[PDB]
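Asks:
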Amino acid sequence: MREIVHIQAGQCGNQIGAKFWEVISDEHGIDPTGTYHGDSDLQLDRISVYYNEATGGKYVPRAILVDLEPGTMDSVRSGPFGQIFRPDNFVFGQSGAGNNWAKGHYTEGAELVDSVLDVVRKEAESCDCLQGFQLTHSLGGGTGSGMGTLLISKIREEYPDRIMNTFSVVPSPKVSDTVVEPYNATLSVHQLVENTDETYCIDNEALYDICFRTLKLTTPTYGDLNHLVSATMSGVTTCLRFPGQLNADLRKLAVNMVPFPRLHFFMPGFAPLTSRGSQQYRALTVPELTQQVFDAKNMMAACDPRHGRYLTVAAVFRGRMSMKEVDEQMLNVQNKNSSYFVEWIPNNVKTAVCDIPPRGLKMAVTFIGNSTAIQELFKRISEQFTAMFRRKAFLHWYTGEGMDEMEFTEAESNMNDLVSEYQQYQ
Amino acid sequence: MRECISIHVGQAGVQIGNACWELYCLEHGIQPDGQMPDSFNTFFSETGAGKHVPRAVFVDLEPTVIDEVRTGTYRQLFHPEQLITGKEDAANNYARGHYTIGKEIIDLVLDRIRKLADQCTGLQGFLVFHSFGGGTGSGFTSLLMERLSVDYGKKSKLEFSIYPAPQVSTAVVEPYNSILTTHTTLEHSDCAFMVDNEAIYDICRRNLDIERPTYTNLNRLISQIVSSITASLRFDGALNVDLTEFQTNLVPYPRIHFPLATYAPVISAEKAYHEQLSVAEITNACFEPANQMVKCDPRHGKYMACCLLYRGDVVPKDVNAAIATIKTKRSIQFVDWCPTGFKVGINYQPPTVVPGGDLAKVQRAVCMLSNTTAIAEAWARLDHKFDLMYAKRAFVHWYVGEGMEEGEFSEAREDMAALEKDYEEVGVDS
Ligand SMILES: CC(=O)O[C@H]1C(=O)[C@@]2(C)[C@H]([C@H](OC(=O)c3ccccc3)[C@]3(O)C[C@H](OC(=O)[C@H](O)[C@@H](NC(=O)c4ccccc4)c4ccccc4)C(C)=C1C3(C)C)[C@]1(OC(C)=O)CO[C@@H]1C[C@@H]2O
Ligand SMILES: Nc1nc2c(ncn2[C@@H]2O[C@H](COP(=O)(O)CP(=O)(O)OP(=O)(O)O)[C@@H](O)[C@H]2O)c(=O)[nH]1
Ligand SMILES: Nc1nc2c(ncn2[C@@H]2O[C@H](COP(=O)(O)OP(=O)(O)OP(=O)(O)O)[C@@H](O)[C@H]2O)c(=O)[nH]1
Ligand SMILES: [Mg+2]
Ligand SMILES: [Mg+2]
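Protein chains in written order, with the entry's author numbering: chain B, 1 to 44, 47 to 360, 369 to 436; chain A, 1 to 37, 47 to 439.
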């Protein structure tokens with residue numbers, strides 16, 4: 001039944017997911033224990051994609067919850083929806099990655115990697131025929147990158163023919179919260195290119211501007227910065243869980259939007275995004291939503307869509323609509339803004355319509379556009395990398411865990427070649 | 001897990017720790033007997058029932074001050090295996106405290122540590138408190154950190170040394186204690202501190218506004234600096250900075266490991282009602298020259314990497330807004346090739362202060378620990394004070410018969426000479 005198994009590697013990944021499993025449950029009527037209390041039967047027709055029915059009339063999350071420290075686990079258990087998780091899944095050490103890449107990739111997680119890898123093989127057999135690997139992590143610390151890159155290259159050994167979904171928050175120049183953020187990127191460039199099929203790129207920078215301005219809100223906490231990413235990841239997986247007129251599931255999106263073996267970095271998008279005040283001053287319809295979708299200030303990756311082209315956008319509509327109204331709005335924008343799209347690919351839009359909206371609206375959407383403006387986000391990290399390596403600064407925390415000079419020379423050429431492909435085909 | 005040990009070598013180290021353990025028993029709800037009428050596994054170990062003992066091995070070579078602990082209110086938390094007592098001290102001599110007298114009793118402290126070290130499984134690090142002007146904490150520790158480093162491999166070690174001022178200094182041969190302790194500063198401790206006696210006396214009368222600053226108020230302020238590194242082990246938070254996470258952000262090079270602390274809000278008892286002590290202010294308070302624990306100005310020396318460690322009612326949105334303003338500043342300048350120099354942790358607890366203390370009950374706090382380039386000019390104040398006493402060969406005759414020789418004195422000068430020279434090398438851009 002096209003199942004999806006879920007890994008969360010790192011504190012941000014363990015907190016994006018802890019609300020992602022909160023938002024995905026009230027779609028399906030899951031109580032805080034694990035039983036069904038929903039209303040529509042269309043929930044239970048495909049409930050078995052994120053769930054295993056355990057006996058007694060209960061359900062469990064197919065989720066494998068990875069840290070190297072017990073501190074984040076305690077927040078997971080004692081927080082919202084802790085009890086629903088299966089207590090065999092919490093595979094975690096006691097040491098700590100220390101915000102080192104090589105400690106989560108050569109030293110500490112490297113002797114816990116198999117004890118992760120056999121809770122997923124148990125979850126690989128509660129399913130009829132799986133397809134989904136949701137990995138939620140960072141590019142900021144140790145458990146996000148080094149524990150979240152060795153782990154993908156092990157799942158590729160078992161499954162050379164599934165689809166991989168990273169959800170990778172990126173480092174920004176404005177909000178730079180640690181000191182070695184440029185070292186937790188270029189090392190993880192090397193194996194999120196050639197071993198993942200899609201890679202959503204979310205930033206901490208642009209995700210505050212949505213909270214101050216578009217939502218008109220004064221206190222952006224992380225439980226709101228996550229709670230936007232939760233409602234994007236609750237949107238791409240809608241065709242696996244609900245019927246719709248023009249349906250498009252996870253491979254069907256990923257075959258239309260990815261024209262090349264490497265250019266598969268996406269940015270999300272979500273509409274409506276209104277305050278508690280500007281509710282009554284808005285009238286929900288397809289031109290209401292589609293114009294907000296294509297805004298320059300509704301891209302969570304902190305880049306300007308005006309500074310580049312899109313190659314292949316796609317929108318995933320939800321709610322009872324009419325097709326021509328959705329067809330003509332997508333017809334409108336390729337006519338209106340034909341300079342901002344690629345000239346050698348016709349019909350850039352792949353519509354997807356689901357008959358079920360998010369809970370308690372009239373409609374909603376989810377935007378994903380494989381733009382060219384991603385070429386700027388890596389230059390904001392490639393030049394932060396360029397200074398710190400040129401002095402060979404901070405090199406003694408990495409040579410002391412097994413790394414080498416050679417691992418830093420080749421990794422720049424990998425991030426060199428990536429921006430060398432958006433620009434060559436823009 | 002996550003446990004670490006305290007060693008209080010010297011009269012400086014004990015009386016600092018005499019309030020550092022006053023503070024922690026206050027924090028966790030622990031009466032001085034050991035009773036707690047969760048968190049405390051960083052410094053404690055619960056034994057039996059209703060008893061908590063610390064990781065407190067107090068080492069001394071003279072029985073005066075330790076007997077005060079054994080008759081003070083904190084005699085019951087500690088148990089009489091712990092308190093190593095000597096007979097007759099170094100008395101501000103090196104080669105007594107290292108080569109001669111401490112050779113007797115240092116076997117008694119190591120086999121007291123390992124009956125306390127192999128009881129915890131979550132060994133984090135060491136907190137060796139001493140000075141650079143004692144005779145106990147001067148060169149006896151230079152023997153002791155060449156014992157635990159042989160035993161414990163590459164574990165983290167943190168020394169918190171009191172450092173001599175140019176003007177206010179209360180001994181004579183203090184330009185001889187500091188040059189010889191450098192060989193166990195670059196080699197047997199990976200996060201080595203400097204705190205001045207001068208620079209805190211300016212704070213007790215201008216920020217706290219008290220006319221008589223003595224040692225029991227010079228030191229209660231250092232207890233709050235130690236209590237903020239360990240808010241991330243002992244407590245949770247939105248962002249947490251573990252004590253091995255701390256050093257990888259902070260320390261940029263294999264030998265430069267000299268941060269300097271500071272703290273805010275250091276304000277008076279009745280100046281609180283009017284000051285609007287906000288997140289944009291107390292972050293801005295960490296860059297005034299009148300909030301330095303070391304007598305040096307933050308302006309003539311450029312920063313390299315600070316590590317903001319907050320505590321209290323702080324959300325992370327405005328820490329970005331407070332650090333946005335400080336990056337727009339032009340006099341607060343960084344070395345250019347470290348384009349981000351910011352690391353932020355947050356505790357959820359309120360920072361607390363001692364009843365009968367001198368500080369004000371606030372609801373936010375910040376403890377910056379910056380690595381910078383200005384503090385190498387807090388060494389030329391003391392290389393000069395050494396430069397003339399050996400020039401006339403003064404005070405040599407107390408060391409020759411006690412073990413110390415001449416040829417190391419010319420040799421331990423390059424131990425400091427290259428060390429000032431290397432901040433000149435990595436402070437300049439290109
Ligand atoms: C009276 C009314 O219509 O209220 C709306 C509303 O005012 C607005 C402003 C909502 C509101 O959303 C937020 O303010 C919000 C806060 C944190 C993070 C993101 C959003 C709403 O809270 C959110 C809520 O969303 C849902 O009910 C969806 O099913 C949504 N659910 C959750 O995110 C969720 C929240 C808590 C607990 C469990 C689930 C969802 C979206 C996608 C996939 C699955 C679920 C809605 C429509 C409303 C309120 C209540 C005010 C908006 O968001 C959503 C997700 O719909 C923000 O912009 C939209 C437009 C809505 O009109
Ligand atoms: N949007 C969100 N960003 C977050 C959240 N938690 C942390 N972060 C951001 O992620 C970065 C910190 O990453 P982490 O705590 O995930 C590092 P991790 O725990 O994976 O490994 P360690 O190095 O072992 O700590 C930094 O940019 C934070 O500001 C969250 O809930 N939402
Ligand atoms: N901040 C602070 N400094 C102190 C304190 N007690 C002593 N000092 C300083 O420490 C230095 C003197 O060293 P002591 O610690 O007394 O000497 P010692 O380590 O006991 O060595 P000997 O007595 O010579 O064996 C001087 O610079 C004093 O100002 C204290 O409680 N607080
Ligand atoms: Mg972590
Ligand atoms: Mg003494």
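For every residue, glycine included, the Cβ atom is placed at its ideal position computed from N, Cα and C.
#1: Can you pull the chain B neighbours of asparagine 249 of chain A, defined as C-beta to C-beta under 7 Å?
#2: Taking 7 Å as the cut-off, is the CB of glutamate 71 of chain A close to at least one heavy atom of ligand 5?
#3: Is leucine 259 of chain A buried or exposed, if buried means 16 or more other CB atoms sit within 10 Å of its CB?
#4: Output needed in chain order: residues of the stretch 175-195 of chain B with a Cβ under 9 Å from some Cβ in chain A.
#5: Flag residue 515 of chain B as yes when its Cβ comes closer than 7 Å to any non-hydrogen atom of ligand 2, and as no otherwise.
#6: If the cut is a Cβ gap below 8 Å, which residues of chain B does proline 268 of chain A touch?
#7: Any beta carbon from chain A within less than 8 Å of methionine 413 of chain B's own beta carbon?
#8: Does the beta carbon of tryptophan 407 of chain A sit closer than 8 Å to a beta carbon anywhere in chain B?
#9: Taking its Cβ as the centre, do 16 or more other Cβ atoms sit within 10 Å of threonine 56 of chain A, making it buried, or is it exposed?
#10: Do we get a CB-CB distance below 8 Å when we pair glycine 100 of chain B with the residues of chain A?
#11: Quick one: is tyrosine 185 of chain B buried, meaning 16 or more other Cβ sit within 10 Å of its Cβ, or exposed?
#12: Among residues of its own chain, excluding the 5 on either side of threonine 35 of chain B, which ones have a beta-carbon nearer than 8 Å to its beta-carbon?
#13: Using C-beta distances below 6 Å, list every residue in its chain close to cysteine 241 of chain B, excluding the 5 sequence neighbours before and after it, in chain order.
#14: Report whether the distance from the Cβ of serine 340 of chain A to the nearest heavy atom of ligand 2 is below 7 Å.
#15: Shorter than 7 Å, the distance from the beta carbon of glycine 370 of chain B to the closest heavy atom of ligand 1, or not?
#16: Could you check what DSSP says for residue 39 of chain A in three-state terms: helix, strand or coil?
#17: Are the beta-carbon atoms of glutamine 247 of chain B and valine 375 of chain B separated by less than 8 Å?
#18: How is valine 195 of chain B classed by DSSP in three states: helix, strand or coil?
#19: Do we get a CB-CB distance below 8 Å when we pair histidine 107 of chain B with the residues of chain A?
#20: With which residues is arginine 320 of chain B paired in a DSSP beta bridge?
#21: Which first and last residues belong to the beta strand (DSSP E) in which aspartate 205 of chain B is found?
#22: So with Cβ pairs under 8 Å, would you call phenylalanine 404 of chain B a contact of chain A?
#23: Helix, strand or coil: which one does DSSP assign to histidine 266 of chain B?
#24: One question on the structure: do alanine 383 of chain A and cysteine 316 of chain A come within less than 8 Å of each other, judged by their Cβ atoms?
#25: Using only the heavy atoms of ligand 3, determine whether one of them is closer than 7 Å to the beta carbon of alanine 12 of chain A.
#26: May I ask you to list the residues that DSSP assigns as paired with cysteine 200 of chain A?
#27: Say the cut is 7 Å; is the CB of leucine 242 of chain B nearer than that to a heavy atom of ligand 1?
#28: Is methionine 398 of chain B close to chain A, meaning its C-beta is less than 8 Å from at least one C-beta of that chain?
#29: If we call anything under 8 Å between Cβ atoms a contact, is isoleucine 291 of chain A one with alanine 270 of chain A?
#30: Does the beta carbon of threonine 145 of chain B fall short of 7 Å from some heavy atom of ligand 4?
#31: Checking the sheet assignment: what are the DSSP bridge partners for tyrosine 108 of chain B?
#32: In the DSSP assignment, find the beta strand (DSSP E) that holds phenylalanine 135 of chain A and state where it starts and stops.
#33: Give me, in chain order, the residues of the same chain whose beta-carbon lies closer than 7 Å to that of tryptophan 407 of chain B; leave out the 5 immediate sequence neighbours on both sides.
#34: Please give me, in chain order, every unbroken run of the alpha helix (DSSP H) with length at least 4 that falls completely inside the stretch 226-259 of chain A.
#35: So which residues of chain B does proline 261 of chain A contact, with C-beta pairs closer than 7 Å?
#36: Applying a beta-carbon distance threshold of less than 9 Å, which residues of chain B neighbour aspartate 245 of chain A?
Replies: Result, derived from the coordinates:
#1: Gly73
#2: yes
#3: buried
#4: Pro175, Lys176, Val177, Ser178, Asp179, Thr180, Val181, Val182, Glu183 and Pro184
#5: The question about residue 515 of chain B has no answer, for chain B in this structure spans 1 to 436.
#6: Simply none; closest approach about 13 Å.
#7: no
#8: no
#9: exposed
#10: yes
#11: buried
#12: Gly59, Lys60 and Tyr61
#13: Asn249, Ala250 and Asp251
#14: no
#15: yes
#16: A gap in chain A, from 37 straight to 47, means residue 39 of chain A has no coordinates in the model shown.
#17: no
#18: coil
#19: no
#20: B/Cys356 and B/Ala374
#21: 200-205
#22: yes
#23: coil
#24: no
#25: yes
#26: A/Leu167
#27: no
#28: yes
#29: no
#30: yes
#31: Note: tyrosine 108 of chain B sits in no beta bridge, so no partner.
#32: 132-140
#33: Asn102
#34: 229-238, 240-243 and 254-259
#35: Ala403 and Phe404
#36: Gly73, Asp76 and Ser77
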